[PDB]
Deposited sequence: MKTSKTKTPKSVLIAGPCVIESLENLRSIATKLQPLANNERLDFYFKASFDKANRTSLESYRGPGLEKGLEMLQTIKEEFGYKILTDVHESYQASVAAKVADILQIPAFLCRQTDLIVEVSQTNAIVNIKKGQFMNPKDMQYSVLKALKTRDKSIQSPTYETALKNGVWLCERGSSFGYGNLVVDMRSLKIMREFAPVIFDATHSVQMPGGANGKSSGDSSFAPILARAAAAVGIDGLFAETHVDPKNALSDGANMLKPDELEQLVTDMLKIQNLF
């Protein structure tokens, strides 16, 4: 079953969380998908001190927990610092490690000590073959006998890799589709269709179709019921309708192979 992770960039309020969770219900009920609801409790590196951060760890987890209970959703959130992982894992089913923190030992180990699936985002500065090292830190934390990171062992141990593109000069990200294949030797691979498009959004669907054809284990895409009124990533988020179309296309492509 292919994975879909979807939800808003940041936790905005419980009411907005409920609205988007409600519009995701058809997709959450799709028998061909293993569905996870995403929302960030903290935006840690916004442009300005004044930019919206979200509710922070304790209140954010509370809100995600309410969504888990109200909708029966599995939950993904990202962590940023040590000492968040064990607390966040009581609520989140997947704990995502941000792209810039993908080589951070202590964080990888701490998240991997929890019961959560670990989703490690590949830094835009990384050679995909070098992601084997962060997979291995996570694997060794879970089974100390493991010497080499393979897809089968990583799947067994809930350790995933996530493609979000690579730095292509200044203010541009390029998705090297070769990386989807390279990384999948080491771990299941999720393609992030939201944060991989930077051109110095309309491309999210076509990149996701390409990724589905190459071969991936799932899709990450941020979604919001009224993106123009979003507090974070508003310009890059899909309408639930648009997300549905993209998933339909993914599933048709995957049904060929």
Could you give the ranges of the deposited sequence that carry no C-alpha coordinates? 1 to 9, 210 to 219
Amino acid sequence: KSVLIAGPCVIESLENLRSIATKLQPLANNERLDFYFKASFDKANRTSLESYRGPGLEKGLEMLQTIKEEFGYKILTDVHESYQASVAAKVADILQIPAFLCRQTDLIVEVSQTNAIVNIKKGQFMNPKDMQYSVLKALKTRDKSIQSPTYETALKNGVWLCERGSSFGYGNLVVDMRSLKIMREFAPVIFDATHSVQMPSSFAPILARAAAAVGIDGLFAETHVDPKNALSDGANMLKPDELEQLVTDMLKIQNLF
From here on, numbers count along this sequence of modelled residues.
Per the entry, where is the mean C-alpha temperature factor higher: 145 to 153 or 94 to 102? 145 to 153
Should the higher mean CA B-factor in the entry be assigned to 187 to 195 or to 48 to 56? 48 to 56
Residue of maximum C-alpha B factor among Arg178, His80, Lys140, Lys122, per deposited coordinates: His80
Chain thirds by Cα B factor, record data; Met237 belongs to the highest
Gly165: CA temperature factor from the record, placed by chain third, in the lowest
Comparing against every modelled residue in the chain, figure out the third that the C-alpha B-factor of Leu76 lands in (lowest, middle or highest). lowest
CA B-factor ranking of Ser134, expressed as a third of its chain: lowest
Third assignment of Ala116 from its chain's C-alpha B-factors: middle
